[PDB]
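Two versions of one and the same chain are coming, encoded as structure tokens; call them structure 1 and structure 2.
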Structure 1
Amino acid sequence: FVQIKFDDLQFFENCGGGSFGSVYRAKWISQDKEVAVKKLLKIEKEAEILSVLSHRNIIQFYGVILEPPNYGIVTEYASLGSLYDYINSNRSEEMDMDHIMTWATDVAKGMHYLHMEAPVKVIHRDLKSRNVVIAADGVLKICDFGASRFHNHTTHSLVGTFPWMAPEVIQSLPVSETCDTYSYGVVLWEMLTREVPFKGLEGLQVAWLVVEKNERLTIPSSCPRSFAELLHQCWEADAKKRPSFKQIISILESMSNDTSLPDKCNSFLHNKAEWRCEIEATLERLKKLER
């Protein structure tokens, strides 16, 4: 627990909404470092356990703000924004298969660390493209991985999170590390299609569809089978039938040695104007499925 004086910071802008859980971008004046600061309504001293986590694909702890009433956590700031903002911009048109693979390896490796490599097993429960950020060198960093255990005020809206929640998370059921595997496959699908998952729908409809009808996000027919089948394993209703992140890492290795995949995938990636109608059709069939 490094301590960071409130006056040691210069606050720039707030994401979230001024509330507890809202993230400020800020300059750490003692250190001349650009930082993120999360507004907490206090700090749990027992939360030291998480201050020892360190991995190039998770956001880096810097220190804590302990000046009542100002309580905050300070971390690195990733220069290039959230994965979400990037995927749903026209910048994502520059993504080739080597890009997808690198970024999906980045997330899978950060998750493998939290699940199996750190001082304490961390199951994230809220992994999603808005919780992954892009450092200056394209390296991805998982955010908010300690939220589900300590500061449960940061998350829950929760209607905006159903497309990434495993079914068992939706039902408040027994939960295993493979709930993060389901959320990852949604992140993968986001990278491949560059769409907002279940765009336009009601959270409760998606919650319902995922849980009762085993509805999953449309996989375009022209998506390479290797990607399609990886998505499928990551989306098994039966959490015990989903891969671990060690297996995902090993799967991405095989895919990246497949000489045929790069043309197949890059073709698919750059023909979005053909197969975007497939996803958009399923969206109206699902919207009309409540009217």
Structure 2
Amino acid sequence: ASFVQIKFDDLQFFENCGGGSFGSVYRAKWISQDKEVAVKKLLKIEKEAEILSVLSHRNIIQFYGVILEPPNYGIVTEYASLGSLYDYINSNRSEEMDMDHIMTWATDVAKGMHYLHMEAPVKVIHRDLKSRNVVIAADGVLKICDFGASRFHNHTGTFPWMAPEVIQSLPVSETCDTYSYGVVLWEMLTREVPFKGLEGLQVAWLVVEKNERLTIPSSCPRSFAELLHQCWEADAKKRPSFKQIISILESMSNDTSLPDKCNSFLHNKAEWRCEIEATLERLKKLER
């Protein structure tokens, strides 16, 4: 092949990651290399392996090989020991997150995406980026993944992260990923699940026809809040690219006023958490 093949019997499978909520992904050991890995079990494999071999960057999970022994198929990668971003954020351990940490992580994600959009030898538009597709390696670095679940041609309850054009099956550019990245950032700031408890269909409807967007707290510093508005524009062409996001993050890092602003916001979760809850109460009733 043009990609590394790993034999099914050279893997020892442990748990299904996340009790099943992240699909048919397992933690395992690659026995001949004495290495811990993740495996995603598949029922078929198209020409994914060929693209995965040529994608490699410090903010994307590392491809190691493919299981190809019909009827068994799967993709084997790096296992990120600290798990999903979604899980971390929605746990109380994320209370340690300050300004710098949110800066570093928002940067990790933007650089991975910029790579996939513009620097990799082939152009990859994720189209399903969300905090349940970002994982955390033992060193603390974020790693995007699931960028080959589409098989690189549109296939063969995650409405909160989808741009409206994606929701309504319209032409998608790079900027669909900018919108989703917005949601991710908003998660890191609020440490809430976006549209928690709403229905999929209600989210879709609201986002597309009402231009409903996640509640940004009034204490949230301006810089960040504007970034969020920019990533969330219903006119996709207006949204920034990942290189511009990276450039905006950089001038944020040099604003000496922002640390204080962000950290007191982060530390006053006591206050603003029913700004968010109020809206959700209102939206749940709009359907009841």
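Take the two forms, find the largest set of C-alpha atoms that superpose within 1.5 Å, and that set is the rigid core. By convention here, residues take numbers in order along the sequence of structure 1, the first being 1.
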{"item": "Of the candidates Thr282, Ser19, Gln10, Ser267, the only Cα that travels 2 Å or more between the two structures, given a rigid-core fit", "value": "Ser19"}
{"item": "Did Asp238 shift 2 Å or more between the two structures, C-alpha, core superposed", "value": "no"}
{"item": "Displaced residue check between the two structures: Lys199, CA, 2 Å or over, core reference", "value": "no"}
{"item": "Core-aligned C-alpha movement of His99 between the two structures reaching 2 Å", "value": "no"}
{"item": "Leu41 CA shift between the two structures in angstrom, with the core used for superposition", "value": "1.2"}
{"item": "Angstrom displacement of the CA atom of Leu188 between the two structures, core fixed", "value": "0.1"}
